[PDB]
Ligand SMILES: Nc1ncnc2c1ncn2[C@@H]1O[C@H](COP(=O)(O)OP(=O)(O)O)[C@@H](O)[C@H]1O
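Just one chain is shown here, as structure tokens, and it is the form deposited without the ligand.
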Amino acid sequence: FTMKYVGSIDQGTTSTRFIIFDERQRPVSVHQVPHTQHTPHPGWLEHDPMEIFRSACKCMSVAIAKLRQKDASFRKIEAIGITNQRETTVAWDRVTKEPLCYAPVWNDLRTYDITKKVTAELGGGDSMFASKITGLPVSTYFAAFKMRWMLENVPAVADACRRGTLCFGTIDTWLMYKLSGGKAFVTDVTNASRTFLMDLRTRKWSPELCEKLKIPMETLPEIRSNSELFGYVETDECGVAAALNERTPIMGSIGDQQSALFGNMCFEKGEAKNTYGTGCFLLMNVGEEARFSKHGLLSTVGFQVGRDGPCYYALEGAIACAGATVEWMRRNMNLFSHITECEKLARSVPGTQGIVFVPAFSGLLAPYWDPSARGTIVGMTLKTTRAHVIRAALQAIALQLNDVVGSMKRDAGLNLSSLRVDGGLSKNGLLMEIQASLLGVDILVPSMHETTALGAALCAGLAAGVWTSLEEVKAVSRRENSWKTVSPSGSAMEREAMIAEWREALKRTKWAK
């Protein structure tokens, strides 16, 4: 009848946003509010859970007030989706409704000692011991290790645990808790897959893992899908109930990388997204059955629409230095000044003429994990210029992605059918060309690039009947928002050669210690 709108809370590492999308999947209003990055020691990072909750609320009330000044057809938000920085863990009290300490963040390094103890003592030296259950290697990122650290180092949490009032929760859970006025204690399957406490095969908490890591299953929320009724907004913090004005359900919850996957329409097996940010996170939909990596890639849940609905699994890989390599070239090396110069210099030469730049500044991830690898350049002559170096860095980003996809293809027994791309470095047209030529598939670049926020709003809007199927979602995207297609365009001969150069160059990168 009148015109529908869906809100998406995008709670990121350094800021929170609220985006209102209309039924055409167009973003029509936004507000953004940053939160404090607390660093008590080197490699430590922590957030204030209440500052994050208030930011979400502020983002909502402002974005809503702005929409109703500029859109006379806007009445209400039909539902809210949440998407979030994953692994970041919150500990709060069930009766005080308040956190017991700050929330260690996904890249925080304090769980390091715990990590070594777990590998040595529960995995006999094997960090992969539980990987056929969780999908994950023992690592500092995952929520169980941060939870364990809070019990061992934060008296309040230890206390809270004894009295049976301790709640643990990833940011999704924390937000649905407070936004509910304390009524919902839930997590979606995607975020739960990052806790090191979930069994990928059942999508339920693993009793054995909770025993062995000594995390009481009492502290954990209920696992649900990404799209269903979770709760209603029942708080008026920073005037959010008054902004929403009518009763508003929360009907979408999804981890950020997964959300980008869903927002990029990667509904079928063999469909992948890559986000070209500071680094790169590539997720591929591998289908309804989990796949485990022989190459160190993570196995995770991609999404699940409806309680106990079809569950689609995914493989995930990453590179550390993408956007960061570009910034390095500019600010540390002075290779260009205006952002546009990066692409224009790289296009000014026809190739790299034999050089390889492996920008492994913080080592190698992906399917050749090597933390001793460093940034390295080989093959230079007095004809090499900054143009060749810039182009080579771009090529390296694409080559590492090619390796990650090759690994996923073998682990999943499938092909890559296409690659959707987002992040700021996706605006580098030449990088997108090189990447298509290497992968041999079309690259799709959405002109509506708010993919993460979109993922959550799609989940929400689906559960709320704004869109009635995944096919309709796609057809609406295809009708309303432009996509650019970038098709392969070099030679197989050139590709083979650039790959042979790359593989050699990788042997020269071991340095540190």
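All residue numbers are counted from 1 along the displayed sequence. Rigid core (definition): largest C-alpha set, two forms, superposition within 1.5 Å.
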- line: Higher avg CA temperature factor (96-104 vs 312-320, as deposited) belongs to 96-104
message: Using only C-alpha atoms and the B-factors in the entry, which stretch averages higher, 243-251 or 159-167?
response: 159-167
message: Just the C-alpha B-factor column, please: which of 386, 86, 420, 201 has the biggest number?
response: 201
- request: Determine which member of 395, 153, 381, 257 has the highest CA B-factor, using the values in the deposited entry.
  value: 153
- request: Rank-wise, by C-alpha B-factor, drop residue 278 into the lowest, middle or highest third of its chain.
  value: middle
statement: So, residue 31's CA B-factor, relative to its chain, sits in which third? The lowest
- line: The third of the chain into which the C-alpha temperature factor of residue 503 falls is the highest
- request: Just say lowest, middle or highest third for the CA B-factor of residue 357 relative to the other modelled residues in its chain.
  value: lowest
query: In terms of the chain's CA B-factor thirds, is residue 427 lowest, middle or highest?
result: lowest
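Just so you know, the form deposited with the ligand bound exists too; it's not on screen, but the next bit is about it.
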message: So the ligand isn't in this model. With the ligand brought over in the deposited complex through superposition of the site C-alphas, is the pocket blocked (at least 3 atoms within 2.4 Å of backbone or C-beta) or open?
response: open
message: At 4.5 Å between heavy atoms, only one of the stretches 22-30, 453-461, 50-58, 483-491 reaches the ligand in the deposited complex; which one is it?
response: 22-30
- prompt: According to a 4.5 angstroms non-hydrogen atom cut-off, is residue 45 in contact with the ligand in the deposited complex?
  reply: no
- prompt: Do residue 67 and the ligand come within 4.5 Å of each other in the deposited complex, heavy atoms counted?
  reply: yes
message: Check residue 3 for me: does it contact the ligand in the deposited complex (non-hydrogen atoms, 4.5 angstroms)?
response: yes
task: May I ask you to check whether residue 71 falls inside a 4.5 Å heavy atom distance of the ligand in the deposited complex?
output: yes
statement: Of 183, 410, 75, 116, Cα shift of 2 Å or more between the shown form and the other one on rigid-core superposition seen only for 75
